[PDB]
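Report on the structure given below.
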Protein chains: 4
Amino acid sequence: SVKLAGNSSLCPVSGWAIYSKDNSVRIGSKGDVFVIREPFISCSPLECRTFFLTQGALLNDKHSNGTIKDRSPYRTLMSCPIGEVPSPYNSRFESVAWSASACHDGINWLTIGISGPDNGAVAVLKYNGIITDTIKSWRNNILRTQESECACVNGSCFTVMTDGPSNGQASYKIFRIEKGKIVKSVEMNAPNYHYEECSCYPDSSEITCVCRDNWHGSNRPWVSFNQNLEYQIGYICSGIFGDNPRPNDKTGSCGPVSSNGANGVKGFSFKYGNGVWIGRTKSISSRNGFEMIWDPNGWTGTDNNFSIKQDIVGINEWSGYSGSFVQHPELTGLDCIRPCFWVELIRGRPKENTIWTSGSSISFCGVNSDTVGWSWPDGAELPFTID
Amino acid sequence: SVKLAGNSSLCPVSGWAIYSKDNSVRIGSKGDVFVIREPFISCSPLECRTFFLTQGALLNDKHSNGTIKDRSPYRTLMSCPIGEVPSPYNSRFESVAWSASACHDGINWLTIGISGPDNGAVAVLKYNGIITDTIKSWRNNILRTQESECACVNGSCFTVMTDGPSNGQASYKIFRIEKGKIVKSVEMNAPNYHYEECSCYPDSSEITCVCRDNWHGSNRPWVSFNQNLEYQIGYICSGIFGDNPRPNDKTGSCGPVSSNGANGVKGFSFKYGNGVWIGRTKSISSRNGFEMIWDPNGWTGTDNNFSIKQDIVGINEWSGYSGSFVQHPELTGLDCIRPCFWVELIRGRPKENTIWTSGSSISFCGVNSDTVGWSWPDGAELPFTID
Amino acid sequence: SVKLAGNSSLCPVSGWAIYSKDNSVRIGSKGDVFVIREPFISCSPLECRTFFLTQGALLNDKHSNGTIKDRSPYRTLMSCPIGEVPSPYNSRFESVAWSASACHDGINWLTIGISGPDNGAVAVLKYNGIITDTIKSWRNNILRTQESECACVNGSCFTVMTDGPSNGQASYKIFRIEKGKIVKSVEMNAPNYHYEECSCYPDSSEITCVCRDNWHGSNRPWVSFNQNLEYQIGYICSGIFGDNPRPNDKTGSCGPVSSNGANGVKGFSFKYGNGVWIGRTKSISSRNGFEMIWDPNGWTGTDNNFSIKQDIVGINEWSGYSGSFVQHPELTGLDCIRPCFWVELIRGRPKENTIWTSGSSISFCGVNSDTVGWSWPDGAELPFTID
Amino acid sequence: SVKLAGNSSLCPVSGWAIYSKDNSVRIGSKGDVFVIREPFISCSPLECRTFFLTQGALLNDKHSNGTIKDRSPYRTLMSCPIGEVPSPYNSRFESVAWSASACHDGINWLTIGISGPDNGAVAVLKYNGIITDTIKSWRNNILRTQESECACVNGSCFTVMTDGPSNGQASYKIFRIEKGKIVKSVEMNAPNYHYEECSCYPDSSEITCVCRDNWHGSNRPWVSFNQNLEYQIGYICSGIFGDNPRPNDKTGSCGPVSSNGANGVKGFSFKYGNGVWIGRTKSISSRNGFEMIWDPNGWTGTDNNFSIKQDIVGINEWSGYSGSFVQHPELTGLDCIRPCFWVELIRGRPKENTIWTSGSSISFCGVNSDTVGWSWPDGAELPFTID
Ligand SMILES: *[C@@H]1O[C@H](CO)[C@@H](O[C@@H]2O[C@H](CO)[C@@H](O[C@@H]3O[C@H](CO)[C@@H](O)[C@H](O[C@H]4O[C@H](CO)[C@@H](O)[C@H](O)[C@@H]4O)[C@@H]3O)[C@H](O)[C@H]2NC(C)=O)[C@H](O)[C@H]1NC(C)=O
Ligand SMILES: *[C@@H]1O[C@H](CO)[C@@H](O[C@@H]2O[C@H](CO)[C@@H](O[C@@H]3O[C@H](CO)[C@@H](O)[C@H](O[C@H]4O[C@H](CO)[C@@H](O)[C@H](O)[C@@H]4O)[C@@H]3O)[C@H](O)[C@H]2NC(C)=O)[C@H](O)[C@H]1NC(C)=O
Ligand SMILES: *[C@@H]1O[C@H](CO)[C@@H](O[C@@H]2O[C@H](CO)[C@@H](O[C@@H]3O[C@H](CO)[C@@H](O)[C@H](O)[C@@H]3O)[C@H](O)[C@H]2NC(C)=O)[C@H](O)[C@H]1NC(C)=O
Ligand SMILES: *[C@@H]1O[C@H](CO)[C@@H](O[C@@H]2O[C@H](CO)[C@@H](O[C@@H]3O[C@H](CO)[C@@H](O)[C@H](O)[C@@H]3O)[C@H](O)[C@H]2NC(C)=O)[C@H](O)[C@H]1NC(C)=O
Ligand SMILES: *[C@@H]1O[C@H](CO)[C@@H](O[C@@H]2O[C@H](CO)[C@@H](O)[C@H](O)[C@H]2NC(C)=O)[C@H](O)[C@H]1NC(C)=O
Ligand SMILES: *[C@@H]1O[C@H](CO)[C@@H](O[C@@H]2O[C@H](CO)[C@@H](O)[C@H](O)[C@H]2NC(C)=O)[C@H](O)[C@H]1NC(C)=O
Ligand SMILES: *[C@@H]1O[C@H](CO)[C@@H](O[C@@H]2O[C@H](CO)[C@@H](O)[C@H](O)[C@H]2NC(C)=O)[C@H](O)[C@H]1NC(C)=O
Ligand SMILES: *[C@@H]1O[C@H](CO)[C@@H](O[C@@H]2O[C@H](CO)[C@@H](O)[C@H](O)[C@H]2NC(C)=O)[C@H](O)[C@H]1NC(C)=O
Ligand SMILES: CCC(CC)O[C@@H]1C=C(P(=O)(O)OC)C[C@H](N)[C@H]1NC(C)=O
Ligand SMILES: CCC(CC)O[C@@H]1C=C(P(=O)(O)OC)C[C@H](N)[C@H]1NC(C)=O
Ligand SMILES: CCC(CC)O[C@@H]1C=C(P(=O)(O)OC)C[C@H](N)[C@H]1NC(C)=O
Ligand SMILES: CCC(CC)O[C@@H]1C=C(P(=O)(O)OC)C[C@H](N)[C@H]1NC(C)=O
Ligand SMILES: *[C@@H]1O[C@H](CO)[C@@H](O)[C@H](O)[C@H]1NC(C)=O
Ligand SMILES: *[C@@H]1O[C@H](CO)[C@@H](O)[C@H](O)[C@H]1NC(C)=O
Ligand SMILES: *[C@@H]1O[C@H](CO)[C@@H](O)[C@H](O)[C@H]1NC(C)=O
Ligand SMILES: *[C@@H]1O[C@H](CO)[C@@H](O)[C@H](O)[C@H]1NC(C)=O
Ligand SMILES: [Ca+2]
Ligand SMILES: [Ca+2]
Ligand SMILES: [Ca+2]
Ligand SMILES: [Ca+2]
Ligand SMILES: [Ca+2]
Ligand SMILES: [Ca+2]
Ligand SMILES: [Ca+2]
Ligand SMILES: [Ca+2]
């Protein structure tokens, strides 16, 4: 058992090979599958797991009623092996949580689960399943975190939390954590920026996070930092806008793009020099479809030209959240940190006539060998018996 | 593999961070979840488990009928990982039992399961799943035990059993067990005291148990003892009365408080010098709500002043049994024994219009970092289909 | 990993402590539990398992129809941890079989599964899940075996198979097996004897089997032998008759007792010198109830006096097959081979108005500490929804 | 952990002993069992697993509708232990796939899963669950592979893929793979031959594959090759025609037998010098029955004489695909590579009046001890509730 180094660069990639699909909603029409949202993937040196926030209910049961609701005392962070359906019969219990993160440092799992009231929520940190720290709301307004993996470098792991308005200026903090204990934190000095639900990854010993501006940006904000929490901030400049909703692609901005900027969806992007791999919905206005775009000057350049598009989910199918996950050389035997991603395929409310809201998932890993675009949607037939 | 020392002191704590929630009843509306009551938590050096007394039936099935009944030949002691629902598909079989205790000495699990007739019940002791001892009823009147974890120090584990009336003077014995063999027992000389369902924990090489007086006390009795079974006895003095039912808080007594003293609920408290952390229901008359109170002179003082109250379950929600569990330094890496606790959330009979009685659980661990009060109730919608 | 020695004596025992109960039929009213019969228990140096013959169907499903039928191409030998319900989600696949045995030699599991047609059935032997040998029917008339554990001594394991009439003289062979290969066999020269479904155990390096005479005996036949297959044969002499059906107890015989001698039930007994522990039904005529009787001269003496009776299942409850299993000193750390037993609690046809037949189980281990009689019956409420 | 040698010869065998039966369809009438087709078996040095292509749905649920369809984005390659039903609660996720192969080199599992559109499908190769390579369609017409195990020799594993028409000349390639990376491939020069769904096994350091001609052959084509991919090609000469459909047995051909040659079923055969063990359906026109035939000159001789026939599934019962699998000396301790085989028992469409298509399985291993013919069919009663 050895700590992940995290000092190699992100592997450069030409396209995305399909890695998993769980078919959760299809299966849960009969089987005992949790109602879940906010799923994400994270890997140890030996395996990759799907983490998710349950609603303490199963699909096609009456207790799935009203699961559009985000925060309750019933929600729990749990995990299962990647590509398996999240069931009570195969899921590890992690934490009581309505917002979460998790990541493996090479030795043990760090889990962060936030529960409690909106006006004083508390993040519970566990290392190897034992409580190691807590941190309470500092603005008394829905303390919340990534909904995807934290990122680890040489025994220290890193995340971002937000507290404050989801429709205005809020407060954003970066944390360094070692063996589940917070050792350092800093508040980002980011007036006029908005950060939610960061997708953070390690690359050459430093952390890069691509987040969601829910206030006034249809491009994605980013924050990057070293192990000392010395940070930089910006927005992705590309006119290939990354949030949902958004406008049609046009000349972008290196600050927040106000057009269609309110509200958003969790997402991710991978930075390679001045270029970027952008994952986004296909629809500008709704959580439909998914695609990967390689824009070789899109981190810093404002044009709407790009070089590669790969289809992931068709424009007439439901998509949802997405996030980064990485596979370190300790797991793969490669000489670089492999980028992967997942997509949550959200079914039910508000778009469909059900009593419930739940998701399934798909995931892909970056390669330099041949790939293909297609559509790998959820596939369940709604409504269900319970509806 | 090394025996737990049990020689450090209980960690002082300022509040309780949420540790687990299983949502058993909500899930069992559809999933295959045991009807259970008398759950408890206990940990090895490697993991924490939920133990429970099944009724040999599943939720929402006809065999759940009449499960208000306490003792039958179908009841079994089983266990699963903490925070997972108790199912036939994830639960380990421990013993045939309608009353139980269990605890890990650092090397193997000790389980104690009592079955047989009311007039001659027998406790079957297992160490690593192999029968190692038995002990038969000595008063021929429902031999019974903790319904929570036993306590271990340097290779010896300790428990309390009762035999006799539940509504008058009974007989109470303390046992020392090594590798699942009873090596010593003493009968407590406690005229006018009543002991049921003890919550026992180790602290500085000695055992403290806080129990239920079902005869004539609305405060909780205690017994504490060393490894040689040299004991002391008393009642918690605080006017913050700990049992349910009880009177409104007023001046307490260091002997049994007769007002509303008959009947009771299993509970716990943690002694720190002259102070006590009291877990109790919020209602004085019914098993509703739950709260933690820090009363810095409440072990020996009779006033009803306290310093800290932390809400756990709201006053309008069902609660039930509660108990201590500990995490030893061998599990945590700390230099003290960490106090935790669980609460059983009882659903169904007698208070609700069902054919069945079952519970879910929540648990918390003591910390000195920030925490918050809230309500984490059961959340199932009764009655069920079967009712 | 070391071979079981099997050279110590059977531990002497004063009574029987309850060890497991699975509640299979009760649970299977809702859960996904196999229709099974012919269950048995067997242990390795690390764990004990329940083996059983499925009918390739679940309880409360239409495919449970007609499971009174003994032999089909759907029946499989499977196993699960002792006291858990036999489900597709927790059961290991062992062999395709409508008659079986299994036992652990200290290194790996031997399983013997007989399938094929009545006129040419083939026993498939597996060691560690790999086919190691076969043996085909030699009388072309339902080759069949123990339905309980084989017995192992110093790397060799032993069983008995029968081929021929179940209502007349048949042929009975003893086998020595090493690493799943038959190394020696002998045909028992037993004119006028009938052997079915032997319960065999090791004791002081030699094997003792107590079996079922289905032709003309209401006492039980026995065969004993050393590792070279040098055997002796007899019947239990006690007037405490061991088979079901049987007459009322009276003066017995050291040969087959013809009164009520046709038909029978699988059972067991443990020999201690001239004495015997007899497990039997409570009813003389039907598979109802169960009890343990210690008769200190019953192996060789024909009187109907006995010293100890312990109740196991009440006379108004359904019982069924029973069998021996042992726990070797390699598992327990004792200096003797511990006797245990199981009882199959058969529900459904022919006695009850269902489409199906299935069982649950209970088990006990012998001790010298205090025990108690009670009734631990199946407890399911028949008929079921499917009926 | 050591690479399989693969250098011993195939064990000569006189008959087939039954190894497994899962009863998947019978069980899935109630239990949570995947709709599957294209199952196969493959073994490591420690265990044997059943691999299968799920339809992302469970039996007796509405999402099983339309599962006659071969390729969709919901199909996944998963695996479970041999003889267990494929459930979400016991199955390991392997790959997103509508055509597959897998095999263990002695160190880790290689899985090959093909997904994407018909005009540009991509095979994703994983080694120990990590993507290690991809290969894209080279004829843009349903890139596809074995549906049974690949074959490994001294750290290299070997498979065959096809791209092009299923009813005319297509393109066939052989691949050598090391640690999940393609290191060599060659296109077979096989004008007028047709290769689909190869069953490939190792024998004396070389690979023999027996496949399906779906274009114009009712005998089976074969390809054999060394580690350098130097190959030979032919058709099985025996007048005991191996495909389904086929004509009645008559004089065969060493090239494709045109009579009833169009269409086909996946199958296998084992070469021993000039002789062959042929597994085939009993019906010439439909997927019914199964039998093993030993034809001692059938690899190169055109007569329809044979020496041994062993029944496996009766002529009036449904069969389906079949394939080889092997057990290497590293698993068995033998001095030769043991041949086994599986049979898929297909239920539902097109032959039966259901909304769905799924299968169960049986498997057998070759021995030289006594065996017997019988019928071990699927046994489910169709239609189901959902139909
Ligand atoms: C859970 O357990 C409860 C309690 O047993 C059970 O409710 C009971 O159901 C039974 C059957 O419906 C009821 O018993 C009947 O009561 C009526 C009077 O209300 C009697 O007339 C009936 O007797 C007649 O019918 C019998 C059968 O034909 C004859 O044997 C008899 O001589 C009479 O002709 C019968 O006793 C009982 O009233 C209820 N009790 C309640 C609701 O309190 C409940 O159904 C169980 N639920 C499940 C899911 O298992
Ligand atoms: C499995 O899949 C099959 C195939 O889809 C499915 O069977 C089909 O069910 C549908 C719904 O019952 C049927 O479609 C209907 O067909 C009738 C004629 O027979 C039409 O009149 C119907 O159209 C009217 O109703 C619609 C809804 O109100 C309107 O949109 C429409 O304009 C019309 O007013 C409708 O098309 C179809 O006939 C069957 N096909 C069969 C049986 O072959 C089956 O139910 C599925 N089963 C499960 C369990 O999923
Ligand atoms: C990865 O993290 C490890 C921590 O496990 C880093 O190693 C540590 O580096 C620090 C800073 O130089 C060392 O601190 C030193 O402490 C000693 C006394 O204990 C003092 O004499 C020195 O002046 C200094 O302050 C620490 O010893 C060292 N520990 C170990 C176990 O190596 C490591 O440098 C990090 N690697 C990278 C590439 O960032
Ligand atoms: C338990 O079984 C073991 C087998 O693993 C027994 O040990 C074996 O005993 C036999 C018989 O005496 C020995 O056979 C000898 O073979 C050698 C040549 O290999 C020959 O020179 C001798 O004349 C004799 O025939 C065998 O060596 C021996 N093997 C081992 C590994 O010990 C053991 O005796 C059994 N124990 C009991 C208590 O029954
Ligand atoms: C990335 O981190 C690794 C692991 O610490 C570094 O490799 C070690 O470097 C030191 C000093 O050169 C050696 O003593 C160790 O033996 C190396 N370990 C291994 C496993 O190779 C490596 O230098 C770093 N890579 C960079 C900066 O590119
Ligand atoms: C608690 O028990 C521990 C463990 O036995 C004691 O530590 C051991 O005691 C002596 C030192 O006094 C040494 O021989 C051992 O090496 C110690 N073991 C370890 C693991 O440190 C310890 O002294 C006791 N604690 C207190 C507070 O008295
Ligand atoms: C039962 O078998 C055991 C295990 O083989 C015997 O114990 C061994 O005996 C030999 C010869 O005396 C010693 O060399 C070994 O060291 C012993 N092993 C152990 C683990 O003690 C034992 O003698 C036999 N018991 C009898 C006959 O009562
Ligand atoms: C099959 O391969 C095995 C394993 O590599 C060969 O055995 C090895 O080869 C030589 C002996 O000729 C030794 O260097 C190794 O120690 C052998 N290993 C083992 C485990 O025995 C073997 O020669 C080959 N078999 C045949 C039939 O050619
Ligand atoms: C803007 C980010 C936060 C602010 C509280 O809100 C999130 C949005 C979503 P969304 O998918 O956009 O809602 C439809 C669902 C998430 N659980 C919710 N986070 C929590 C903690 O409530
Ligand atoms: C007072 C202590 C004992 C005396 C026998 O009784 C207990 C009380 C309850 P309670 O939750 O208070 O009942 C509603 C449930 C328990 N299983 C029951 N223990 C057994 C062994 O029967
Ligand atoms: C006499 C022993 C044999 C002769 C074939 O028969 C057994 C009897 C019973 P029983 O419980 O008595 O039937 C109600 C069920 C068993 N499976 C059956 N063994 C097989 C292989 O068929
Ligand atoms: C001829 C070989 C291929 C050509 C595409 O077709 C296969 C045939 C069948 P079959 O069982 O014969 O259909 C009833 C089921 C298979 N999944 C299907 N392979 C895929 C990849 O589609
Ligand atoms: C869903 O919840 C609402 C609010 O409690 C309730 O009134 C309604 O009946 C529920 N609907 C279903 C279908 O369960
Ligand atoms: C702990 O137990 C051992 C017996 O194994 C004994 O020797 C030792 O003195 C005990 N230690 C303490 C601190 O009581
Ligand atoms: C049971 O099986 C018989 C014989 O096939 C059949 O005719 C009958 O309808 C079945 N009954 C039920 C309740 O499934
Ligand atoms: C097996 O592979 C190794 C490469 O690791 C090679 O050195 C060796 O010569 C090969 N052995 C045979 C028998 O082909
Ligand atoms: Ca936005
Ligand atoms: Ca650009
Ligand atoms: Ca009281
Ligand atoms: Ca006070
Ligand atoms: Ca008889
Ligand atoms: Ca006698
Ligand atoms: Ca053909
Ligand atoms: Ca021939």
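Order of the sequence lines sets the chain letters (A, B, ...), proteins ahead of strands, with each chain counted from 1. We count ligands from 1, going down the list as the structure has it; atoms in each ligand are counted the same way. Below, all heavy atoms of this structure are taken into account, side chains as well, without hydrogens, waters or symmetry copies.
Within 6.0 Å of CG on B:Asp335 lie no more than 12 heavy atoms contributed by other residues, nucleotides or ligands. By the neighbour-count criterion of 12 heavy atoms within 6.0 Å, atom CD of C:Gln232 is sparsely surrounded, having that number or fewer from other residues, nucleotides or ligands.
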| Full working for side-chain contact (heavy atoms from CB on, under 4.5 Å) between D:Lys271 and D:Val276 | CA-CA 5 Å; D:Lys271 182 182 182 299; D:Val276 61; 5.6 Å; no
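Taking distance alone, with nitrogen or oxygen atoms compared against 3.5 Å, A:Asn154 approaches ligand 3 more closely than that limit.
Atom 13 (C) of ligand 8 is not flagged as protein-proximal [any protein heavy atom, distance under 4.0 Å]. Of the protein's heavy atoms, none falls inside 4.0 Å of atom 14 (O) of ligand 4. At a distance under 4.0 Å, a protein heavy atom can be found next to atom 1 (C) of ligand 4. For atom 27 (O) of ligand 3, the nearest protein heavy atom is 4.0 Å or more away. In this structure, atom 18 (N) of ligand 8 has no protein heavy-atom contact shorter than 4.0 Å. For atom 37 (C) of ligand 4, the nearest protein heavy atom lies closer than 4.0 Å. For atom 19 (O) of ligand 4, no protein heavy-atom neighbour is found at a distance under 4.0 Å. When distances from atom 8 (C) of ligand 8 to the protein are checked, no heavy atom turns up under 4.0 Å. Put simply, atom 30 (C) of ligand 4 has no protein non-hydrogen atoms near it, under 4.0 Å away. Less than 4.0 angstrom separates atom 3 (C) of ligand 8 from at least one non-hydrogen atom of the protein. Distance check on atom 10 (C) of ligand 3: every protein heavy atom falls at or beyond the 4.0 Å cut-off. Distance check on atom 5 (O) of ligand 4: some protein heavy atom falls below the 4.0 Å cut-off. Within a 4.0 Å radius of atom 27 (C) of ligand 8, the protein contributes no heavy atom.
A 4.5 Å side-chain heavy-atom check between D:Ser369 and C:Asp133 finds at least one atom pair inside the cut-off.
Looking at every heavy atom in both residues, B:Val367 comes nearest to B:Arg338 through CG1-NH2, 4.0 Å.
Once rounded to the nearest 0.5 Å, the distance linking NE2 of A:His104 with CG of A:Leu110 reads 10.5 Å. For the atom pair D:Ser324 OG and D:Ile41 CD1, the distance stands at 11.0 Å (nearest 0.5 Å).
A donor atom on one side chain and an acceptor atom on the other are found under 3.5 Å apart for A:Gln146 and A:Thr159. There is no side-chain donor-acceptor pair under 3.5 Å between A:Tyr272 and A:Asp203.
In this model, C:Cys152 has its SG atom no nearer than 2.5 Å to the SG atom of C:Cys103.
Of all atoms in ligand 3, listed by their number and element, those nearer than 4.0 Å to a heavy atom of A:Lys3 are 1 (C), 2 (O), 3 (C), 5 (O). Close contacts between ligand 8 and D:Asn7 involve ligand atoms 1 (C), 2 (O), 3 (C), 22 (C), 24 (C), 25 (N), 26 (C), 28 (O) [criterion: under 4.0 Å to a heavy atom].
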